[PDB]
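Input: a single structure, listed below in structure tokens.
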Amino acid sequence: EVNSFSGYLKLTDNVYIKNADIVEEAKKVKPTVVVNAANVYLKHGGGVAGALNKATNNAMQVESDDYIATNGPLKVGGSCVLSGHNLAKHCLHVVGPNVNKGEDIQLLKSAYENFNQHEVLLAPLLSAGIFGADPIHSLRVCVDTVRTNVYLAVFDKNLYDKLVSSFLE
Ligand SMILES: CC(C)[C@H](Nc1ncnc2[nH]c(Br)cc12)c1ccc2c(c1)S(=O)(=O)CCC2
């Protein structure tokens, strides 16, 4: 069955969250769209992007290199739609700002706005981890910005608990 999400906590009518690895979720759920936390040259060298590319046995990286050759790099806050390979029908590669590299946190609203072109998505928490944004702020921007149905997979129980406690204040 498509979009078989299980064990999520509903935060708002359109935002759900789970303590889970996005790779394992994409295999279990078979979503229409999985979001990748990409960079502008689609080089999936580590973290969430590296994990999703490894799960496709590098097919995502080869396809990404061909897209960049023809179209050039993405902009920070932008996105592109490529194949989902074995993980989803489509992968939406979204570039959140990397605050640790000097990029503007205000671009996180533009990043989440890309999700609104898809009815349902499995996604990570944009610009969190080594991109350096405050993860509680990223969840607030997601809730305020995304209007379609988004299922967030956050692979850390400590962070999951802090995010749910923050939302429910
Ligand atoms: C905050 C962590 C827990 C989260 N990690 C994850 N969240 C969900 N599925 C996951 N599978 C694996 Br394998 C790790 C992973 C997270 C979310 C967003 C970003 C990162 C990491 S990053 O450091 O890769 C840079 C890009 C943005």
Side-chain angles (χ1 to χ4, degrees), residues 2-5 15-18 20-133 135 138-139 141-142 145-156 159:
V2 80
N3 297 326
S4 301
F5 295 99
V15 178
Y16 302 80
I17 192 171
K18 186 178 183 181
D21 178 354
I22 195 170
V23 169
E24 295 303 312
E25 288 295 299
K27 295 189 268 176
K28 277 175 173 89
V29 172
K30 307 175 170 288
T32 302
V33 179
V34 63
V35 174
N36 178 31
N39 57 35
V40 298
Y41 285 92
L42 303 184
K43 290 296 192 182
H44 312 306
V48 166
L52 288 168
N53 177 56
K54 178 176 178 195
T56 74
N57 294 75
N58 206 51
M60 172 181 287
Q61 187 66 75
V62 174
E63 177 197 31
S64 293
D65 291 343
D66 175 84
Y67 168 88
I68 290 288
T70 300
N71 298 275
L74 288 76
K75 291 318 151 270
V76 178
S79 68
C80 70
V81 182
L82 295 174
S83 181
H85 303 279
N86 50 300
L87 296 178
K89 179 179 185 155
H90 303 283
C91 177
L92 178 74
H93 294 267
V94 176
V95 183
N98 184 332
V99 167
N100 289 330
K101 278 47 188 180
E103 300 173 353
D104 187 357
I105 191 57
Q106 299 187 105
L107 291 168
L108 190 51
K109 176 158 208 66
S110 297
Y112 280 117
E113 277 171 355
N114 295 286
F115 288 29
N116 291 322
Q117 319 304 348
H118 299 280
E119 288 287 327
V120 59
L121 314 91
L122 171 59
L125 190 69
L126 298 180
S127 294
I130 75 164
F131 274 36
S138 184
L139 179 58
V141 177
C142 184
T145 305
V146 181
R147 297 180 277 288
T148 55
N149 306 302
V150 61
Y151 293 80
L152 296 168
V154 175
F155 192 25
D156 179 339
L159 180 57

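Throughout, residue positions are numbered sequentially from 1 according to the sequence presented. We use all heavy atoms of the structure for the numbers below, so side chains are in, but hydrogens, waters and symmetry mates are not.
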Other residues, nucleotides and ligands only: do more than 12 of their heavy atoms fall within 6.0 Å of NZ on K109? yes
Could you report the tightest heavy-atom contact between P97 and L107, atom names first, then the distance? CD-C, 3.9 Å
side-chain contact (heavy atoms from CB on, under 4.5 Å), that's the test. Do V120 and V2 meet it? Break it down for me. CA-CA 11 Å; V120 59; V2 80; over 6 Å; no
CD/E25 to NZ/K18 distance, rounded to the nearest 0.5 angstrom? 3.5 Å
Heavy-atom check, side chain of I68 versus side chain of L74, under 4.5 Å: yes
Walk me through it: do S127 and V99 pass the test side-chain contact (heavy atoms from CB on, under 4.5 Å)? CA-CA 8 Å; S127 294; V99 167; 5.8 Å; no
Go through it in stages, so that I can follow the logic: the residues are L52 and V23, the test is side-chain contact (heavy atoms from CB on, under 4.5 Å), and I'd like the CA-CA distance, side-chain angles, deciding distance and then a yes or no. CA-CA 6 Å; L52 288 168; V23 169; 4.1 Å; yes
What's the spacing between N3 CG and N149 CG if we round to 0.5 Å? 9.5 Å
So, the side chain of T148 versus the backbone of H118: is there a donor-acceptor pair under 3.5 Å, distance only? yes
Output all residues satisfying side-chain contact (heavy atoms from CB on, under 4.5 Å) with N86, sequence neighbours left out; order by chain, then residue number. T56
Using atom types as modelled and distance alone, determine if a side-chain donor or acceptor of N114 lies under 3.5 Å from a backbone N or O of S110. yes
Please examine the side chains of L122 and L87, heavy atoms only from C-beta on, and report whether any two atoms are closer than 4.5 Å. no
Using the ring-ring contact (aromatic ring centres under 6.0 Å, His included) criterion, which residues pair with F5? Sequence neighbours excluded. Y8, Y151
Backbone N/O of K89 and side chain of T32: donor-acceptor pair under 3.5 Å: no
Which atom pair, heavy atoms only, marks the closest approach of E103 to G96? OE1-O, 4.2 Å
State which residues pass salt bridge (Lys or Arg N to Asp or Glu O under 4.0 Å) with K30; sequence neighbours excluded, sorted by chain then number. none
Keeping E63 on the side-chain end and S83 on the backbone end, is there a donor-acceptor pair under 3.5 Å? yes
Can you tell me if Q61 uses its side chain to pair, donor with acceptor, with the backbone of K54 under 3.5 Å? no
Say you draw a straight line from CD1 of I105 to CG of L108; how long is it, rounded to the nearest 0.5 Å? 5.0 Å
For the student: nearest non-hydrogen atoms of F131 and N98, plus distance: O-OD1, 3.3 Å
Scanning both residues in full, the closest heavy-atom pair of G72 with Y67 reads O-CE2, 3.9 Å
Checking the side chain of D21 only, and the main-chain atoms of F155 only, is there a donor and an acceptor separated by less than 3.5 Å? no
Could you pull out all residues at least two apart from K75 that satisfy salt bridge (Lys or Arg N to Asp or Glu O under 4.0 Å)? none
By side-chain contact (heavy atoms from CB on, under 4.5 Å) - contacts of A123 (at least two apart): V35, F115, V150, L152
What are the two closest non-hydrogen atoms of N36 and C91, and how far apart are they? CB-SG, 3.7 Å
Who passes side-chain hydrogen bond (donor to acceptor under 3.5 Å, both in side chains) against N58, sequence neighbours left out? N53
Determine the minimum heavy-atom distance between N116 and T145, stating which atoms define it. ND2-O, 3.1 Å
Is the shortest side-chain heavy-atom distance between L42 and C80 below 4.5 Å? yes
